[PDB]
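Have a look at the structure below before the remarks.
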Protein chains: 2
Amino acid sequence: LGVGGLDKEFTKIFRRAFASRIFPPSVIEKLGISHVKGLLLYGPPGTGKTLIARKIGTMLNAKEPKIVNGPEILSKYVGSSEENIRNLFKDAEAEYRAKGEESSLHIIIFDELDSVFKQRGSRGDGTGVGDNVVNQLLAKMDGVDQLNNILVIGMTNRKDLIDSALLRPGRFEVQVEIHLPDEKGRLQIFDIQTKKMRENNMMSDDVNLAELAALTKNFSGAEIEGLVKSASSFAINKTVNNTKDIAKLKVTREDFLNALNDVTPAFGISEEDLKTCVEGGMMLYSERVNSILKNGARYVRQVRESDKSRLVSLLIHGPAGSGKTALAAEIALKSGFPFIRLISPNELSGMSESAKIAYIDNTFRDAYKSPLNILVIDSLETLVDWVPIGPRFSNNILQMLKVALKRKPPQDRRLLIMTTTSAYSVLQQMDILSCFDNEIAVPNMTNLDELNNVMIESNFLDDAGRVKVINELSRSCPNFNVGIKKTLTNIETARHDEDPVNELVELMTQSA
Amino acid sequence: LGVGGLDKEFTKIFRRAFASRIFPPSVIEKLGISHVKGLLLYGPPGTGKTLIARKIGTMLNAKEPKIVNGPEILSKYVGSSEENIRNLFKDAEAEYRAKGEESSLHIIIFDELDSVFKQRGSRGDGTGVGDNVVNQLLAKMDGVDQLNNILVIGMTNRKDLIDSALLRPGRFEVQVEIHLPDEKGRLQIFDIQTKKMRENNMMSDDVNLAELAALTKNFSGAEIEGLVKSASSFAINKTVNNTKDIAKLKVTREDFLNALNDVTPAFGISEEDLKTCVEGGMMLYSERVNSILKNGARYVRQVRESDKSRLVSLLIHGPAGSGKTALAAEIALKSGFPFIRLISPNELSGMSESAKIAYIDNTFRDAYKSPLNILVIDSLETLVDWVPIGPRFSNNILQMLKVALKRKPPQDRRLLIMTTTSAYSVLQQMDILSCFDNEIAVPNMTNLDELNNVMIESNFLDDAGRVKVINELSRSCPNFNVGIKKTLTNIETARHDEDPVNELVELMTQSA
Ligand SMILES: Nc1ncnc2c1ncn2[C@@H]1O[C@H](COP(=O)(O)OP(=O)(O)OP(=O)(O)O)[C@@H](O)[C@H]1O
Ligand SMILES: Nc1ncnc2c1ncn2[C@@H]1O[C@H](COP(=O)(O)OP(=O)(O)OP(=O)(O)O)[C@@H](O)[C@H]1O
Ligand SMILES: Nc1ncnc2c1ncn2[C@@H]1O[C@H](COP(=O)(O)OP(=O)(O)O)[C@@H](O)[C@H]1O
Ligand SMILES: Nc1ncnc2c1ncn2[C@@H]1O[C@H](COP(=O)(O)OP(=O)(O)O)[C@@H](O)[C@H]1O
């Protein structure tokens, strides 16, 4: 005991990796079988793998597990690395000659395994550093030097990089996956972490753990440890400057609520980028805008409450300066989904091409590990480096994006994608219009009534003047055609001049 | 005894490689012949090669075979690699001086042979690691230092890489192939594996091995051994938590049936990818769909009960959104074949060009080792990276695929191939249309009756409302042209709205 939220996995591991070790050697001999010598656990970081490995050892009363780290061995000098691997198994070798089939169990943990394979074959074999450890390790548990006391546990974050040679029977025969916890699991983790405080009357009676289990929506276990530590920090600092009356120390609900603002999770919301940069006003100057927002809300609920629709892709298009991005963000912030991210040119500035591919792929990879997700892609045509003189563009990134937009996430998960563009004709010429499930159009302003609404909404000036602007434009140029960004960047400059009324009309004539 | 399914090969090996060692030396000298010093076995892994190697030795009462692993020798430092070969034969050299012609037989096993040749000539010769072992090895069995007590066995999974110089007489004269077992072979392997349970009264009376032999369709030996071990795991875990009344332990049929869900074989069915990703509905909305499914069933039965047709290939083509892939998958799952795989852009994402070529070639190789096989190739034009601005595309992959679609499998095996494409004219220009034997076209929806059927079958809403949609469309736009995918996306997006009828009408008019 000491682990929460992983009952089913625990039963599965114990049935296969350890159950046969409990029985006396006689019956195992009489059945005619041989023990399992490899187990592979995979999943995201900070989720509780090493803890399971450690706690299973305590029931069997084996020795304390030895631990080894991948880059440690790989980074040492060649000769030392070659000599190192033989030093790990010495104790297990000795006890076998001592006691044979009655020997006690020895458990070895191997961490960041994939790092050994993550290199080109030429460098791995010519240098030999990558291949040497793998070969010696397989020799010690499969070949003629077979040693019958050991059990090896390997831990990885990316299963697809492990070579298939290692997965066949006789080597790493059992594989298990660990998931981010759900609400009930987090309730248990909170209990395990606050037990010691609760049992010494150092925790206040206003704390309700069921509510915290609902606020911490997409957290892992390590994050919960951090949250408790920060809460305790509040209570400790309130008394220092070391004083009398330490015996009345107690943590309180306010401490936790303030703690939430200091620990931010991975797999969370990129709040600042969406809120500040992309949204500096929202005003309902026409019926079309309200229509667009209602359609967006439709799609959000559609994704949230159906099992047929687990991938929806949309394209928002229109002229430059119309409003696209701000709309996308506005749809995202009202959703309430736990996971939201955006890919934009700002993030990829200053990189080489290969780096760009790696970044995009890791982002999509991370989107596949939570129950609900949203992704925003900004200005597709710029990510591909389009210039029309050549024309010139990067084909590899285009193919990466083309494949990513159609793939479906695994195991009853679901995501939504929004993308924004200003060069619809180019996308038509590159024939990737078959990826998007629906299209939305954003038009400019073309009636003077809309202008009046915008002026009313931004507190331009009293009615008497706003009438004059419309009257002058009525026969200056009644057929104008301008976006919203420009209109709201001409009102700003007009306000700080000496003749507001005569300045805005001229700027509007010029833009049209 | 201890091996099953390989009687013919046992006879043929014993007749050539060993029969001469039994006779007294007088008669062998008296005929004037010489013993054979090389034997090569090739076949897929986990099929029983080292087993036969060990078992043949115990009849002759030779010394326990020494074993050496290729990459082990190649990965060591250069000096020790050159020195170590000479240590392998030391004992054999000793006994020859000791006793002369009357010595006993010495048997040396060499594993993963092809690895030594799998390198460029420049690196192999300049470094010398690859060439040195080969040269020193041939010296000991062919040259003036010929040693007359040894026998060398080579073991490899790919014969095409071994150089033709080694196979000539005096070196590795005899070559043999190992196959995956057929039904009777599996029936024998089960007996060999379950003997010790049966002889100690630890196996129930309901287990019938003839049924298990028929369920496990493309298993090799190692998978059958793992299957027995997993069933034992079930029987053991049911008591723990180590108790009284261990003596009544017994395995049972339920355990085997449950064990089938835990061991998944190579050369099996990739169920999840075909089932989940590709099929999220199937509804018979017209006569053309019935016709297509019936044609597919026809071809399957053709491939299964004829000797003249050992290779068939089909092309399914039509507009984007028509239904293609889901059809292919539907035809595949109903077939009941043992082996099914598919190649799609998802598996090849993020690879270099050389890696892609290697992956495709390995897949086609793995297809040629079972009686019946199905392959599905999805979105051909995306595999080649087509973009029409240049145009730009990869020529090497195209030539690889063009060769692969005509090659016929060896030795009375047979396969069926299906491929899907949306760019028929592009392939017309590439001139690869001569590879396919038949062509199927999938059309779009063009009648209101079909739409009625689709609405009825998806439970859209009660009849009273269902009639009104058809009424309104009958005079809004009677000549519409839309695929199935977009229809089933508009339906769902109209169920979660406040006025389903108007919303559906507007969307469907826009798509048409
Ligand atoms: N109703 C509205 N719709 C859209 N944007 C609005 C609205 N009201 C105010 N705005 C503001 O107007 C600005 C619109 O500029 P935005 O960056 O979204 O343009 P864009 O279409 O993405 O153009 P670009 O081609 O330059 O990327 C934002 O600051 C947004 O907050
Ligand atoms: N009778 C049917 N025929 C084909 N597809 C059907 C049928 N009934 C339902 N569907 C559904 O139609 C959906 C769309 O089909 P599918 O994904 O195979 O299209 P596609 O031709 O591969 O398109 P793309 O151009 O995107 O590659 C599938 O999810 C399938 O489940
Ligand atoms: N399921 C869990 N229950 C309780 N504590 C957990 C859990 N998962 C992680 N932890 C906390 O995480 C810390 C160690 O996690 P760690 O060993 O880093 O996992 P990983 O295998 O991801 O490295 C411990 O201090 C432990 O309290
Ligand atoms: N044809 C067979 N008959 C009996 N046992 C087999 C057979 N094939 C494989 N096995 C099982 O496989 C194990 C050894 O296979 P292995 O020596 O790894 O063959 P190879 O490595 O040459 O493919 C043994 O435990 C044996 O019980």
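Things to note:
- For residue B:250, inter-copy separations between label points set 7 Å beyond Cα along the Cβ vector come to 6.4 nm, shortest first.
- The phi-based Karplus calculation (6.51 cos²θ - 1.76 cosθ + 1.60; θ = phi - 60°) puts the 3J(HN,Hα) values of region B:308-325 at 7, 9, 10, 8, 9, 9, 10, 10, 9, 9, x, x, 5, x, 7, x, 2, 4 Hz, whole numbers, x for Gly and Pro.
- Each of B:388, B:376, B:352 was placed along the dipole of region B:329-420 (beta-carbon charges, centred on the mean Cα), and the one lying farthest toward the positive end is B:376.
- Residue mean of other protein chain beta carbons inside 10 Å, A:23-36: 5
- Footprinting exposure proxy ranking of B:186, A:475, A:123, fewest other C-beta atoms within 10 angstrom first, gives A:475, A:123, B:186.
- FRET efficiency, 1/(1 + (r/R0)^6) with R0 35 Å, evaluated for residue A:385 and residue A:492 via beta carbons: 0.60
- Using Cβ point charges alone (K and R +1, D and E -1), the dipole size of region B:242-293 about the Cα centre works out to roughly 320 debye.
- Förster-model FRET efficiency, 22 Å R0, residue B:432 and residue B:366, C-beta, rounded to 0.05: 0.40
- Positive-pole candidate from A:483, B:264, B:452, dipole of the protein assembly as shown, charges at beta carbon: B:264
- Among beta bridges that DSSP assigns inside chain B, antiparallel share in %, nearest 5: 5
- Using θ = phi - 60° and Karplus 6.51 cos²θ - 1.76 cosθ + 1.60, couplings along region B:12-22 (whole Hz; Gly, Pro as x): 5, 5, 5, 4, 9, 7, 10, 4, 5, 6, 6
- Exposure proxy order (Cβ contacts within 10 Å, fewest to most) of B:160, B:7: B:160, B:7
- Near-label residues of region A:376-393 by backbone N, under 16 Å of a point 7 Å along Cα→Cβ of residue B:392: A:381-393
- Tensor-based shape of region B:392-454 (alpha-carbon gyration tensor, a/c under 1.5 rounded, otherwise prolate or oblate): oblate
- Distance from the Cα centroid of region B:440-512 to that of region B:314-336 is 23 Å (rounded to whole angstrom).
- Only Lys, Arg (+1) and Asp, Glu (-1) charged, at Cβ; region B:289-369 dipole about Cα centre in debye: 360
- For the residues of B:225-238, the average number of beta carbons from a partner chain within 10 Å of their own beta carbon is 5.
- Comparing A:292, B:510, A:135 along the charge dipole axis of the protein assembly as shown, the residue lying farthest to the positive side is A:135, per the Cβ-charge model.
- Euclidean distance between Cα centres, region A:205-223 to region B:17-48, Å: 74
- Cα centroid separation - region B:123-142 against region A:285-306, whole Å: 72
- In order along region A:456-462, the phi-based Karplus estimate (6.51 cos²θ - 1.76 cosθ + 1.60, θ = phi - 60°) of 3J(HN,Hα) comes to 4, 6, 9, 6, 5, 5, 4 Hz; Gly and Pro are listed as x.
- Residue-averaged 222 nm ellipticity for chain A, from DSSP H runs of 4+ at -39500 (n - 2.57), nearest 500: -13500 deg cm²/dmol
- The Cα-based radius of gyration and maximum Cα-Cα distance (Dmax) for the protein assembly as shown are 35.7, 130 Å.
- Peptide B:138-145 - average C-beta neighbours from other chains (10 Å radius): 0
- Applying 1/(1 + (r/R0)^6) with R0 = 45 Å to the Cβ-Cβ distance of residue B:499 and residue B:355 gives a FRET efficiency near 0.30.
- Proximal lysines relative to residue B:244, as straight alpha-carbon distance under 21 Å, when same-chain residues fewer than 8 apart are discounted: A:30
- Electrostatic dipole magnitude of region A:10-91 [Cβ: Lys, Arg +1; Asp, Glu -1; Cα centre; debye, to 20]: 380
- In this simple spin-label model, placing a label point 7 Å from the Cα along the Cα-to-Cβ direction at both residue A:308 and residue A:439 gives a separation of 2.4 nm.
- For region B:348-385, chymotrypsin sites (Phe, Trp or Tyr not before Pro) are listed when DSSP marks them as loop and at most 15 other Cβ atoms sit within 10 Å of their Cβ; the list is B:368.
- Between residue A:440 and A:315, A:316, A:317, the built amide H atoms are under 5 Å apart, and every one of these is 5 or more places off in sequence or on another chain.
- When residue A:388 is represented by a point 7 angstrom out along its Cα-to-C-beta vector, the spacings to that point in the other copies are 1.9 nm, nearest first.
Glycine also receives a Cβ, built like all others from the backbone with ideal geometry; neighbour counts cover every protein chain displayed. The numbers here are math on the coordinates, done by the rules we state, and not lab data.
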